[PDB]
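Please read the structure below before turning to the comments.
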Amino acid sequence: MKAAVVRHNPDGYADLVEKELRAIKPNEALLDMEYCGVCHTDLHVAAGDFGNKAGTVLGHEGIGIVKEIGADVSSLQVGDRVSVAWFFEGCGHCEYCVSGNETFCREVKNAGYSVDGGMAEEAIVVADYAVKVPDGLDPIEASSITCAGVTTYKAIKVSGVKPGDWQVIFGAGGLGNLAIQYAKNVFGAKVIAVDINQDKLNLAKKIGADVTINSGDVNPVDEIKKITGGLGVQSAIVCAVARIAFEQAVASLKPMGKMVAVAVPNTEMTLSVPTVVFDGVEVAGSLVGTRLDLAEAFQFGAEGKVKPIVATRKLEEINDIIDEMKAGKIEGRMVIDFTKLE
Amino acid sequence: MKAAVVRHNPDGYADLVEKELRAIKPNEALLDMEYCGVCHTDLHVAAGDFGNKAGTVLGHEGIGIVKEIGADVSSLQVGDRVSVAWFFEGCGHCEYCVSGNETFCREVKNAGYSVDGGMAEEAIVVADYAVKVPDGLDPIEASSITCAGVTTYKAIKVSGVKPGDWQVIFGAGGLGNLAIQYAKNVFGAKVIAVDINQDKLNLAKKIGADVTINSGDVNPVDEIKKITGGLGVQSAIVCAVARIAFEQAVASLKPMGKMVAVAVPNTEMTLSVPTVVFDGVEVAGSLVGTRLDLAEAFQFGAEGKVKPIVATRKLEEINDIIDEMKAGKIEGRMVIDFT
Ligand SMILES: [Zn+2]
Ligand SMILES: [Zn+2]
Ligand SMILES: [Zn+2]
Ligand SMILES: [Zn+2]
């Protein structure tokens, strides 16, 4: 079958190879992939940024149909639609797994990085770890919920925001788009969206930001303080990569407020220690979520409470998509479409 | 009466002056002071780090005996022993005061900063905010618990350590010594202590530290990772005034560990955002403790679960104490003795 793999000398691009999968084990399933989103993380992995992963099949935003199950599998049956996400397998028995924090398992397998992923016509998954896609959830949208969706949903959980609190999202496009939809439509927060780009802010307004702030035209911090009534927001979710965003996010918190990073800044962030102490603020960050966070994130999509921006492309375009992504030309996700039929 | 106050041009030191206290209001009490500990925060205040507070009486580790009460006071009576802590008065009705988080009150009065403190022979307190010192707790010891002890007790609650977890305390001075005693004797943590001063570490070993690390001799981060079986600690309490302690603290945490900032050196710290994003780590500040945190912290001292290391000094000695503290010379707390 056809797969996108890391090149022998990782150079940022994929090779498109013929690959024959090994036979599945008793606890596994073989999928026929339908979709697989292309992510910034795929670019990093293909570039060698995390080590030389030559020959590894890319993709951790996969959606697929179970074609075969191993003899011990009871969770899935042939014909089920399931997911291939970043969190592909944990060991099941360590402190992180058993405490309910399995993405931190030290023996974690991540799809498209430390184990073959879903950017291929077929993939193997461990059955009990391939989360089912609910009926009601468009499967092209589900591919984006496996990464951007579960990340922003879980980040907003980690923030501790409760109905009626103010939360600000720094960065209106990309992840920010889905962060705004979850914050407003699922958690019942009052939402401020902050961005340098008016177009995207105009879009945020459409998908449920109560207030938008163009950060090129003003200092966001002073306006955020005014909007919330002097104090600041309960929490900030930082979706932007500009270090100034992280600085402004922290500066905007009311006392005991919490900043949750979902992106990492291009240059190192600093905190003023007397402010962290005298205002008791908290900084944390979040990446994807357990299988249960994923199930929940899917269910809100299935109810129509969030709607990711997606478009489809053919597998052969992988390297065009990579260049578009480096050039900054993509709103939301491009999603490789393996389906023949419908 | 004699008081130590912020200088007219704040320079890090005190003037000793004669002050006459105003008459008390109906919800207030007048104290004859017994003791007031010296805290690094007094030095930051006197240096102007938090703005110019020229003329304000310093001190927020005060212990004194109620001499007079206002007409509306029912919580205290003459002869009660009470405390004068950083959290000196909150508004009572804001979302911080009503949710169990009163030290974050934006209208807070802070002893020794925004209101006259306890480093003087007498002090006025707001009676319902002046937490009684339990019998069975030595007043000199109570002075340390009034700031050092309640700050670290509450910081250890904020860290979320549970019995059996590994916790590291950066800085084994006045704050860090008590932090070790609470983490070990009250919370049941396994405790690492990290400092550059070996005598403070030798003391840390005697009062409860399971492992001590001299960080002029070694890389504390690598050592911590070994002690704990490879991953690092569940939490780090930073009681150290050095920027690098804050950064070693973040680095020493296992995934989902939490760093709690207690010391307020006038510094920035570098925040490793990849560490919070990929390893789940949290950084939070903690600010002294509520009136109930202090009552709890005091009860542990009364029961002998913690024992503050203290030495008494004369008020006239306040500027000598400040230089000892800047030189890293103090074990435990120096306590001004008004008795
Ligand atoms: Zn992704
Ligand atoms: Zn595990
Ligand atoms: Zn203090
Ligand atoms: Zn208040």
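In the structure tokens, chains take letters A, B, ... by order of appearance, with residues numbered from 1 within each chain and ligands from 1 in the order shown.
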Which protein, DNA or RNA residues have an atom within 9 Å of ligand 3, counting only C-alpha atoms and all ligand atoms, as a PDB file with N, CA and C atoms, in the first residue's frame?
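Okay, this is what ended up in part03.pdb:
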ATOM      1  N   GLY B  37       9.951  38.990  64.265  1.00  0.00           N
ATOM      2  CA  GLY B  37      11.024  38.413  63.501  1.00  0.00           C
ATOM      3  C   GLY B  37      11.410  39.331  62.365  1.00  0.00           C
ATOM      4  N   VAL B  38      12.665  39.240  61.899  1.00  0.00           N
ATOM      5  CA  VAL B  38      13.090  39.920  60.679  1.00  0.00           C
ATOM      6  C   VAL B  38      12.996  38.987  59.442  1.00  0.00           C
ATOM      7  N   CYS B  39      12.300  39.412  58.390  1.00  0.00           N
ATOM      8  CA  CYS B  39      12.030  38.569  57.194  1.00  0.00           C
ATOM      9  C   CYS B  39      12.670  39.258  55.999  1.00  0.00           C
ATOM     10  N   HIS B  40      13.071  38.477  54.992  1.00  0.00           N
ATOM     11  CA  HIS B  40      13.686  39.080  53.809  1.00  0.00           C
ATOM     12  C   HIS B  40      12.723  40.092  53.195  1.00  0.00           C
ATOM     13  N   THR B  41      11.424  39.900  53.344  1.00  0.00           N
ATOM     14  CA  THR B  41      10.509  40.878  52.759  1.00  0.00           C
ATOM     15  C   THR B  41      10.669  42.283  53.404  1.00  0.00           C
ATOM     16  N   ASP B  42      10.904  42.369  54.711  1.00  0.00           N
ATOM     17  CA  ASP B  42      11.316  43.680  55.328  1.00  0.00           C
ATOM     18  C   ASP B  42      12.455  44.341  54.571  1.00  0.00           C
ATOM     19  N   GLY B  59       8.061  45.198  59.759  1.00  0.00           N
ATOM     20  CA  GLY B  59       7.837  44.033  60.648  1.00  0.00           C
ATOM     21  C   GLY B  59       6.481  43.351  60.390  1.00  0.00           C
ATOM     22  N   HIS B  60       6.485  42.076  60.056  1.00  0.00           N
ATOM     23  CA  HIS B  60       5.239  41.374  59.943  1.00  0.00           C
ATOM     24  C   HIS B  60       5.432  39.945  60.403  1.00  0.00           C
ATOM     25  N   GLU B  61       6.286  39.778  61.431  1.00  0.00           N
ATOM     26  CA  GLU B  61       6.368  38.533  62.184  1.00  0.00           C
ATOM     27  C   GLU B  61       6.168  38.902  63.662  1.00  0.00           C
ATOM     28  N   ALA B  85       0.898  39.796  61.194  1.00  0.00           N
ATOM     29  CA  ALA B  85       1.409  39.086  60.014  1.00  0.00           C
ATOM     30  C   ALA B  85       1.314  39.934  58.765  1.00  0.00           C
ATOM     31  N   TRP B  86       1.928  39.444  57.694  1.00  0.00           N
ATOM     32  CA  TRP B  86       1.931  40.232  56.430  1.00  0.00           C
ATOM     33  C   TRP B  86       0.454  40.551  56.089  1.00  0.00           C
ATOM     34  N   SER B 144       8.216  33.279  64.218  1.00  0.00           N
ATOM     35  CA  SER B 144       8.605  32.739  62.878  1.00  0.00           C
ATOM     36  C   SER B 144       7.464  32.132  62.076  1.00  0.00           C
ATOM     37  N   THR B 146       4.523  33.095  62.226  1.00  0.00           N
ATOM     38  CA  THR B 146       3.674  34.171  61.701  1.00  0.00           C
ATOM     39  C   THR B 146       4.024  34.577  60.255  1.00  0.00           C
ATOM     40  N   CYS B 147       5.290  34.446  59.820  1.00  0.00           N
ATOM     41  CA  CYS B 147       5.504  34.603  58.379  1.00  0.00           C
ATOM     42  C   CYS B 147       6.197  33.412  57.729  1.00  0.00           C
ATOM     43  N   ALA B 148       7.485  33.144  58.085  1.00  0.00           N
ATOM     44  CA  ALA B 148       8.152  31.983  57.551  1.00  0.00           C
ATOM     45  C   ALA B 148       7.236  30.759  57.572  1.00  0.00           C
ATOM     46  N   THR B 151       3.766  30.889  55.495  1.00  0.00           N
ATOM     47  CA  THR B 151       4.100  31.032  54.025  1.00  0.00           C
ATOM     48  C   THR B 151       4.478  29.633  53.452  1.00  0.00           C
ATOM     49  N   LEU B 175      13.019  30.885  55.761  1.00  0.00           N
ATOM     50  CA  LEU B 175      11.887  30.238  55.117  1.00  0.00           C
ATOM     51  C   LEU B 175      12.160  28.761  54.897  1.00  0.00           C
ATOM     52  N   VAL B 288       1.823  34.158  51.363  1.00  0.00           N
ATOM     53  CA  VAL B 288       1.627  33.931  52.805  1.00  0.00           C
ATOM     54  C   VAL B 288       0.478  32.887  53.022  1.00  0.00           C
TER      55      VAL B 288
END
Which residues, written as a tab-separated table (two decimals) with N, CA, C and O atoms, in the first residue's frame, have at least one atom at most 8 Å from residue 260 (chain A), with only C-alpha atoms counted and residues fewer than 3 positions away on the same chain left out?
chain	number	residue	atom	x	y	z
A	155	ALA	N	-6.71	21.74	27.09
A	155	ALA	CA	-6.05	22.95	27.63
A	155	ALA	C	-7.05	23.80	28.45
A	155	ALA	O	-6.72	24.37	29.51
A	156	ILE	N	-8.30	23.87	27.94
A	156	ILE	CA	-9.33	24.67	28.58
A	156	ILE	C	-9.78	23.99	29.88
A	156	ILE	O	-9.99	24.69	30.90
A	158	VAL	N	-7.59	22.15	31.80
A	158	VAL	CA	-6.46	22.50	32.59
A	158	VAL	C	-6.52	23.96	33.07
A	158	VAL	O	-6.14	24.21	34.23
A	159	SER	N	-7.06	24.87	32.26
A	159	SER	CA	-7.16	26.28	32.72
A	159	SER	C	-7.97	26.47	34.05
A	159	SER	O	-7.78	27.48	34.73
A	235	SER	N	-8.24	33.22	32.91
A	235	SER	CA	-7.22	32.36	32.29
A	235	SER	C	-6.93	32.79	30.87
A	235	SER	O	-7.70	33.49	30.29
A	236	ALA	N	-5.78	32.41	30.36
A	236	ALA	CA	-5.39	32.78	28.97
A	236	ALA	C	-4.91	31.50	28.32
A	236	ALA	O	-4.14	30.76	28.92
A	237	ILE	N	-5.34	31.22	27.09
A	237	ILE	CA	-4.84	30.10	26.36
A	237	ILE	C	-3.97	30.69	25.24
A	237	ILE	O	-4.48	31.50	24.46
A	238	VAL	N	-2.72	30.24	25.14
A	238	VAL	CA	-1.77	30.89	24.24
A	238	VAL	C	-1.53	29.97	23.10
A	238	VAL	O	-0.91	28.91	23.26
A	283	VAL	N	1.20	29.24	35.61
A	283	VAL	CA	1.45	29.01	34.19
A	283	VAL	C	1.63	27.47	34.02
A	283	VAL	O	2.25	26.79	34.86
A	284	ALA	N	1.10	26.97	32.94
A	284	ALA	CA	1.09	25.55	32.68
A	284	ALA	C	0.98	25.47	31.16
A	284	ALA	O	0.95	26.51	30.46
A	285	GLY	N	0.87	24.25	30.63
A	285	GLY	CA	0.64	24.14	29.18
A	285	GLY	C	0.08	22.73	29.00
A	285	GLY	O	-0.02	21.90	29.97
A	286	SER	N	-0.28	22.44	27.78
A	286	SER	CA	-1.03	21.22	27.54
A	286	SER	C	-0.84	20.82	26.07
A	286	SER	O	-0.84	21.69	25.12
Neighbouring residues of residue 142 (chain A) were defined as those with any atom within 12 Å, considering only C-alpha atoms; residues of the same chain fewer than 5 positions away were excluded. Please report them as JSON, numbers by chain. {"A": [34, 35, 36, 37, 61, 62, 63, 64, 81, 82, 83, 84, 85, 131, 132, 133, 134, 135, 136, 137, 147, 148, 149, 150, 294, 295, 296, 297, 298, 299, 300, 301, 302, 304, 306, 307, 308, 309, 310, 333, 335]}
Residues of chain B no more than 10 Å from chain A, counting only C-alpha atoms: send them over as a PyMOL selection string. chain B and resi 49-50+96+101+103-106+231+243+246+255-256+258-288
Mind listing the residues within 8 Å of ligand 2, only C-alpha atoms and all ligand atoms counted, as a list in words?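 Counting only what the definition allows, namely only C-alpha atoms and all ligand atoms, the set is residues 90, 91, 92, 93, 94, 95, 96, 97, 98, 102, 104, 105, 106, 107 and 108 of chain A.
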What residues in region 136-173 of chain B get the DSSP label helix (DSSP H, G or I)? Please answer as a PDB file with C-alpha atoms, in the first residue's frame.
ATOM      1  CA  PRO B 139       6.009  33.240  71.639  1.00  0.00           C
ATOM      2  CA  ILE B 140       9.502  33.437  70.088  1.00  0.00           C
ATOM      3  CA  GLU B 141       8.697  30.420  67.968  1.00  0.00           C
ATOM      4  CA  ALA B 142       5.281  31.862  67.108  1.00  0.00           C
ATOM      5  CA  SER B 143       6.987  34.890  65.596  1.00  0.00           C
ATOM      6  CA  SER B 144       8.605  32.739  62.878  1.00  0.00           C
ATOM      7  CA  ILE B 145       5.433  30.820  62.139  1.00  0.00           C
ATOM      8  CA  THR B 146       3.674  34.171  61.701  1.00  0.00           C
ATOM      9  CA  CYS B 147       5.504  34.603  58.379  1.00  0.00           C
ATOM     10  CA  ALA B 148       8.152  31.983  57.551  1.00  0.00           C
ATOM     11  CA  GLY B 149       5.993  29.112  58.769  1.00  0.00           C
ATOM     12  CA  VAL B 150       2.567  29.974  57.480  1.00  0.00           C
ATOM     13  CA  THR B 151       4.100  31.032  54.025  1.00  0.00           C
ATOM     14  CA  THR B 152       5.850  27.637  53.561  1.00  0.00           C
ATOM     15  CA  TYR B 153       2.939  25.561  55.050  1.00  0.00           C
ATOM     16  CA  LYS B 154       0.558  27.218  52.589  1.00  0.00           C
ATOM     17  CA  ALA B 155       3.149  26.904  49.739  1.00  0.00           C
ATOM     18  CA  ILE B 156       3.317  23.168  50.429  1.00  0.00           C
ATOM     19  CA  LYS B 157      -0.492  22.930  50.253  1.00  0.00           C
ATOM     20  CA  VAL B 158      -0.370  24.787  46.857  1.00  0.00           C
ATOM     21  CA  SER B 159       2.317  22.365  45.528  1.00  0.00           C
TER      22      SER B 159
END
Ligand 4: which residues are within 7 Å, counting only C-alpha atoms and all ligand atoms, as an MDAnalysis selection string? chainID B and resid 90:97 102 105:108
